[PDB]
Amino acid sequence: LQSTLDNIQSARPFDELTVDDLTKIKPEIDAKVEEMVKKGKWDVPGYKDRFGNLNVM
Amino acid sequence: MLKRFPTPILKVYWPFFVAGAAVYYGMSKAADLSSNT
Amino acid sequence: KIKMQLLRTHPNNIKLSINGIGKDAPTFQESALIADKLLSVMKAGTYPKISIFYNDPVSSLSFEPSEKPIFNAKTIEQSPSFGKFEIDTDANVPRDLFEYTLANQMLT
Amino acid sequence: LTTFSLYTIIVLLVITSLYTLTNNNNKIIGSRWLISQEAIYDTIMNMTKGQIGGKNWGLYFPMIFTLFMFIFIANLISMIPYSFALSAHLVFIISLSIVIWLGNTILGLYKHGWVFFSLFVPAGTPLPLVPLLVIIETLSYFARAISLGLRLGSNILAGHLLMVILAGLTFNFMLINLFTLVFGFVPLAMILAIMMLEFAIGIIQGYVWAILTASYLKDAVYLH
Amino acid sequence: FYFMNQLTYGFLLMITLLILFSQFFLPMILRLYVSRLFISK
Amino acid sequence: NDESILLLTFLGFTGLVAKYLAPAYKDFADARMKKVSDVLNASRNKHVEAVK
Amino acid sequence: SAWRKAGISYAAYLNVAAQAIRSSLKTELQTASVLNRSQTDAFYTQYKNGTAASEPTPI
Amino acid sequence: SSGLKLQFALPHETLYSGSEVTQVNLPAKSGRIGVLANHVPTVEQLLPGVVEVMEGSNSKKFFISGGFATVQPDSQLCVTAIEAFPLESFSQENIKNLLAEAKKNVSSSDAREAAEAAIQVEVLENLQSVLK
Amino acid sequence: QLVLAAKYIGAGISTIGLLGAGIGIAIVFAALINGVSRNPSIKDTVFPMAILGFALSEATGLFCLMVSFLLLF
Amino acid sequence: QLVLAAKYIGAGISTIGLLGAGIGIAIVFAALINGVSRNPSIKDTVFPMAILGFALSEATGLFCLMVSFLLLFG
Amino acid sequence: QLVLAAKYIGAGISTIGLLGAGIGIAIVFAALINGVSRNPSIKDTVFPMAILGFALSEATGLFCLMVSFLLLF
Amino acid sequence: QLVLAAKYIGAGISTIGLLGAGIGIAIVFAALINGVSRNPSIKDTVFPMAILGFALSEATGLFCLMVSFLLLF
Amino acid sequence: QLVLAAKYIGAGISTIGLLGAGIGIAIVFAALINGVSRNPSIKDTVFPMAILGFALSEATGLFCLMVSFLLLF
Amino acid sequence: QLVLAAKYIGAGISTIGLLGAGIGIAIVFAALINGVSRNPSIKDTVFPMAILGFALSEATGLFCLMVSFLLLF
Amino acid sequence: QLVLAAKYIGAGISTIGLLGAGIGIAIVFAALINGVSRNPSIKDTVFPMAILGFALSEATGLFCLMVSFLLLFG
Amino acid sequence: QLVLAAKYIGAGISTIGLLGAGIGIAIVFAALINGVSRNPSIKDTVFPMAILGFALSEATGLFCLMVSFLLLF
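1. Concerning the overall build of chain D
Of the regular secondary structure elements, chain D holds seven helices and zero strands. Secondary structure elements of chain D, listed N to C terminal, follow the sequence α-α-α-α-α-α-α. Computed over its C-alpha atoms, the radius of gyration of chain D comes to 22 Å, more than 25% above the 17 Å expected for a compact globule of 224 residues. Its C-alpha atoms give chain D principal-axis dimensions of about 75 × 50 × 40 Å. Within chain D, counting contacts between residues at least 6 apart in sequence, those at least 24 apart form 57% of the total.

Set out below in structure tokens:
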């Protein structure tokens, strides 16, 4: 816990981390994302529950 | 950045493509028969 | 008694002081006139919410001045399930529904 | 060489770049420029899963996200001094209309097959009245092609070629005359109005094209 | 006249966009949203 | 001329867009930027609290 | 009828209608509570911020 | 539930409570509300008219001087009137002609009083009209 | 030919007048239907009035067809 | 010749009267639907005569079409 | 060289009459839409009435187009 | 040359009903919009019906323009 | 001489479908306004549908202009 | 000669499509008034969303103006 | 010579273009009046909108009549 | 000789614009009647405003009539 927090209090690059590098940090992210769009469904249960979809403006 | 994920349109979008091929063939035929130009 | 209790806490709260309501049985016309005066005193219809801290005598005395909500002019037309029962633009249902809901709640 | 290749070259150069270059380094934060896709794609998916709701939502939603942008980009050539969305000919809508209608009939014939005679009568009108209902269902299926075919096409073509009429007529709004003042300067103000009209009409017509495609597809993809 | 000059020459992009965007365009938003969901859990 | 009136009107339309559509698109981009920023920051500081 | 313009409230209008309708009837229908419906002794004195119950006019 | 239920419970004395009926035609504020069966979800403030509540038996006619009949989705017509009326006691001649005119004396009061009593000006005519 | 030409063209022009009746009678029928739905008691007091209104609307269309009937002969 | 030509032209032009038939069909069908919405138990109440009213509006269009039919005929 | 000309003119002019049916199917659709909005459960009962209206409406335009093309062919 | 002139004349005559088709279709869309603003829950039971109706309303006008089309070429 | 002016006349006649489309589009706008006033909140769930219908009309309105242009040039 | 004055008549005919813009340009104001009466509050948001449609309404006559001008100059 | 006849006939035909601005202002005044009766508190707001609606609506009728006047005098 | 005949026919056609005024002043007065029935008091500010609307509406028929009279002579 102490080391993870030390890797948290200044080691969460929430702005300039590569997007696909999340699949590098999360080994199943790549597989599931390929799996998620692969079968045909392009939606996930609340993929944006805390985010907005927005119109053109 | 850019990847090539396995997008299934070969066994998913086959029917529309086949219909479009038939349409292109009909257009080619009408380029010689129906329109005669 | 409610008049005296209400005059006790906040002088700026009591907007009416009418006595002798409990003269006899609850009469439709007396209650209706009390409401109509309330619906005309200081825009109590403009009061967005109003809670009736009213007795709820279960069988003999199992009660206190329990609090309940009132459906007002704005809360009647745009209720989420008010889409069920429709209203008319010309009939001006919302205001009348607010007033009559106040009337029935007050009389009961 | 060929002019058609140069016409399609703009699409061939914009389609890959707007997503492989407008983004900074393919970052998840959603750049200020990348806010455009960040707003557009989600609204697209909203309709895609919406209008094609059910297990048919995932069948061709990616096809929708694809097919929507093709016409919208192709008609983007409308505001240039020599603007040309497909050289004032644009036979392309013909390609996307009847072929897609036949694809709907195939989705009724390849997946739905022999049940294809159980969709033209939505509610009733049995054998005593089926032919009359089928007589308008056939018209609807036939004209769904023209509703998305040349419709956005006519809108774009007119909104663009109105500039030709505007120039040809009001070349002399103020060029060489004593009418160069406040007297006739209001006639030249219709050009920017035509530009705004074409700009709104094109985007709205692309969105409507996508919506009409979804409406036609789910009708033949979910038989009632 | 000029019929076999933009028909296939135009629909080529239409045929190709299916393989292009689906592995290319929507993949970006899908992976980004999924990853943001991972951070949400 | 045939390609002149539209050429002169292109800058006029662009200025018209810059009058409203430029700041409008700026506001739309910034609002979503701050919304996603808060959405990621809350998740981050909540995972920090979960580790705590 | 004229409740729209310068009356008191919907209750006032329907109550005056009740009073008239009872007047459109004899003793064989009007029960005793109709008397209190007509004889309203509720004395309305709207108070104030400084607790000014002005005058208990019958409601 | 089949048929149509009415809840005619005025603040004076409740008359009907969810009883079945074939018609409850009444004079609404915007018009004539001839809800026969089921009706639809819509509740209207009412105008002084006749509520011929057509039960499974005959339609009792009672000139009612106001209310609101809530057409609940359960074919329930919650007619919370302000007055009650019989099919016989709500029918008379002299009581419906002299009382309103004597009340016209009250109309000689000031402006707000006349504005209030303008309702009573035509109140009694409705009962004599709907008495048949 | 010109005589028959006019006796046909003007005939066709008068012939389109049946549209007025096709709208007028339908309007009265629809109005009675809606009145009955929103007033079940109104059916008995309006149905003969409904037929009378259908007649009162179709009169213009009968007038329109009458001119074509004379023109053809 | 020319007389038959004008007969053809008038047969084409009189067909514009189908607009009134369409609008009458709309009026009857739409108001019947609305009446069914407002009083669902009025569907059976009005089916015996409302369909007849639609038939009457449609026969008006039939009288509009019969002239053209005779025009192609005599 | 006029009977063909007049047939073309009349065939073109015949297209006006379908406007009534074209607006009217949408009118019936609007009324059904509002009725369902007030009462969703009436959609099932009105769909039979919806077929009844649509068949009695679109036939005027359909026969109009058929007759317009027939006098040309 | 008269036949071609008259084909042009007819093709100018068919394209008037598109006004009515647009009126009807946009009215249907209007009614869907209003009914939804009335009952937001009525969207599922409404939108498909109006999408079915108004598309046909505009298709009537498109097919009416098809009358002008054939005489045009 | 008449053959050339025939196209001009045909275009002028076919170019009269603008009014009905304009009327319908205004109707859609009016219903949107009414739904916004009566239902201020749900206005967003219909404004997209509102533009969907507005275009669904204006496209045919401009289609009339195009069909006139095909005879105009 | 035989075509120019015919073009003038075609310009006048295309001008008669201004009725759609005229009717719509005030139906929009009617919707605004109805909103103001029914929803005095929502009328503020409506005016921005109604004035545009009124301006959008004028495009119907704008097509009329353009058609007449191409046929009148 | 026939140019005069064609111009007069075209002006007369275009003299139907202002009908929309006619009944348009009618509907505008209709809604304004009905609403003003519905709410006198909106009477002031209607007129500052009624004038703008009426003038803008009649502008198209003015344009259509100017098209005729150009074919009438010009 | 043709100029006078054309003046007469064009004058007759230009008289068609009386229909709009007849319907329009009628709509304005109809709204006055409906508003007075619904709200008796506002007739004071309506009937004057009703006259103002009558002036703004019947002026259309007045302009059409003046143009037709100018063309007839």
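From this point, things continue past the structure.
2. A word on the interface of chain K and chain J
Every contact between the two is made by 22 residues of chain K and, on the other side, 18 residues of chain J. Sorting the residues of the side of chain K that touches chain J by element identifies α1 (3-13), α2 (18-38) and α3 (42-72) of chain K as the ones contributing at least two each. Considering each element in turn, the side of chain K that touches chain J owes the most residues, seven residues, to α2 of chain K.

3. Focus on the interface of chain O and chain N
Taken together, the contact pairs 24 residues of chain O with 17 residues of chain N. Elements represented by at least two residues in the side of chain O that touches chain N include exactly α1 (2-14), α2 (19-38) and α3 (43-70) of chain O. Residue contributions to the side of chain O that touches chain N peak at ten residues, all from α2 of chain O. For the side of chain O that touches chain N, the residue count by class is 13 nonpolar, ten polar and one charged.

4. Describing the sheet that holds strand β1 (residues 5-6) of chain H
Residue and element names in this part refer to chain H. The sheet built from five strands is open, its strands ordered β2-β1-β11-β10-β5 with mixed pairing. Unpaired on one side and paired on the other, β2 (19-20) and β5 (42-46) mark the two borders of the sheet. As paired elements, strand β10 (residues 67-72) and strand β11 (residues 76-79) share four bridges and run antiparallel to each other. When the bridges of β11 are listed, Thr70 appears paired with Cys78.

5. Brief notes about the packing of α1 of chain K against helix α1 (residues 2-14) of chain L
Their axes nearest at 7 Å, the elements α1 of chain K and α1 of chain L cross at an angle of 10°. On the basis of the axis angle, α1 of chain K is roughly parallel to α1 of chain L. Only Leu2, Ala6, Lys7, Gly10, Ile13 and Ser14 of chain L of α1 of chain L make contact with α1 of chain K, whose side of the interface consists of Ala5, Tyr8, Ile9, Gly12 and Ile13 of chain K. Partitioned by chemical class, the residues of the contact of α1 of chain K with α1 of chain L number seven nonpolar, three polar and one charged.

6. Observations regarding the pairing of β10 of chain H
Every regular strand shows the same layout, with side chains that alternate between the two sheet faces. Residue and element names in this part refer to chain H. As paired strands, β5 and β10 are joined by five bridges and run antiparallel to one another. From the neighbouring strand, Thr42 faces β10, where its bridge partner is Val71. The turn joining β10 and β11, which pair antiparallel and follow one another in sequence, is formed by three residues; a positive phi near 55° is taken by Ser75.

7. So, the packing of helix α2 (residues 17-38) of chain L against helix α2 (residues 18-38) of chain M
Relative orientation of the contacting elements α2 of chain L and α2 of chain M amounts to 5°, with a least axis distance of 6 Å. Our classification of the angle between α2 of chain L and α2 of chain M gives roughly parallel. Contact residues: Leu19, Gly20, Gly22, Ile23, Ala26, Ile27, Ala30, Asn34 and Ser37 of chain L in α2 of chain L; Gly20, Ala21, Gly24, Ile25, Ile27, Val28, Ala31 and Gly35 of chain M in α2 of chain M. Partitioning the contact of α2 of chain L with α2 of chain M into residue classes produces ten nonpolar, seven polar and no charged.

8. Things to note about helix α3 (residues 57-74) of chain D
Taking 1.5 Å per residue as the helical rise, α3 of chain D with its 18 residues ought to reach 26 Å, and the 26 Å between its terminal C-alpha atoms agrees with that figure. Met63 of chain D marks the point of greatest bend in α3 of chain D, at about 30°.

So, how was this worked out
- Residues numbered from 1 in each chain as written, not as in the entry; some residues may be left out.
- Chains lettered and ligands numbered in written order.
- Part of a larger assembly, values for the part shown.
- Heavy atoms only, no water.
- Residues with missing side-chain atoms left out of burial classes, pairs and counts.
- Helix = DSSP H or I, 4+ residues; strand = E, 2+ residues; numbered from the N terminus.
- Rg over C-alpha atoms; globule rule 2.2 N^0.38 Å.
- Contact = heavy atoms within 4.5 Å.
- Nonpolar A, V, L, I, M, F, W, Y, C, P; charged D, E, K, R; others polar.
- Pairing = 2+ DSSP bridges.
- Axes fitted to C-alpha atoms, helices over the stretch in contact; angles between N-to-C directions.
- Parallel < 35°, antiparallel > 145°, perpendicular 65-115°, else oblique.
- Expected span 1.5 Å × (residues − 1).
- Bend = angle between axes of the 7 residues up to and from the residue.

The analysis is restricted to geometry; functional conclusions fall outside its scope.
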